[PDB]
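Only one chain is included here, represented as structure tokens and corresponding to the form deposited in one PDB entry.
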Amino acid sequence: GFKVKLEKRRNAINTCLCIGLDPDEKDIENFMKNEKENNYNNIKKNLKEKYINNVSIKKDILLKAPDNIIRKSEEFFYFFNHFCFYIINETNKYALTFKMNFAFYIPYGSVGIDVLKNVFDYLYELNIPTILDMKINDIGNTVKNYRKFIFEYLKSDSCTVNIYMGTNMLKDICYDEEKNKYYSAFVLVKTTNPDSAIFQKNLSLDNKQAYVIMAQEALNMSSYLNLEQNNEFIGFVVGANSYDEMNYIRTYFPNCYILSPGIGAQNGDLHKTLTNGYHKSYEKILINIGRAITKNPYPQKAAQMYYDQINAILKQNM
């Protein structure tokens, strides 16, 4: 159960920080250059973690001494994967959950999917709850394959879902009738893009905005599937800077799980966000911080500072 994992871990480390691990090409290139310039300090640190031996793919390459890698076809893979372990290693004591957005692992072909699998293998050993932000949607017969990839192959605890096509697809994502398995998901409700209102707000039904209608139908399906009775849920992606919508959501669905992306290095207001979505069991208000951590040259420092700020706001609210 994602619910119980979250609950347990939230008790252990007292926070709702979700760390986003979305490495782009410059992150990888910058990491490789800086490891070359500095005796490969961090990769050498990566290699000392017990949990690095338990990843699935190209262990023989990953566990080589950096020095031997340039002495090269496997180099992009090695620095990419090692960048991801580096973030995880530096920041994990501060993160209630990690969220990996699939778009960042696909553009190079398959090599990034290997990286993605290893990252998920690694987080599984560390028992850190995971989310795959992939905003999946298709017909039922088709999405089973996404279910398989995400929950069987990656062993993610949850994923993001776009339910514009409908809520029946959740039957083949959050439930596996053959194996009697249940899975958690966050459906898109109010997103962070500037023009998010065009459909989510400007469409309506019976006097209610589309985002509200969507949220309610998502929970009707969660209830029909008995998810929470099996320690899973369907939650809502609500943008961090959508304060009215977040307020509407926490108000109308008082016990929902919210995943909140949007706060970066140069925007956002953690106090207004966390307050609007607050819940005493604040694993229900996941505050995702991604680039503000992964693009900081001192990622542990970033993850700690965000941790402390959120913690201060949580106590303010208590």
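We call the rigid core the largest set of C-alpha positions that still match within 1.5 Å between the two forms. Shifts are known only where both forms have a C-alpha. Numbers for residues come from their place in the sequence shown, where the first is 1.
There is another form of this protein, the form deposited in another entry, and it is not shown here; the text below is about that form.
- For the listed set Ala292, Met32, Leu274, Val55, the sole C-alpha moving 2 Å or more between this form and the one not shown on a rigid core superposition is that of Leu274.
- By 3 Å or more, the C-alpha separation between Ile87 and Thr275 shrinks in the other form relative to the form shown here.
- The gap between the Cα atoms of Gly277 and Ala185 is larger in the other form, by no less than 3 Å, than in this form.
- In sequence order, the runs of at least 3 consecutive residues whose Cα atoms each shift by 2 Å or more between this form and the one not shown, relative to the superposed core, are 67 to 71, 265 to 268, 273 to 277.
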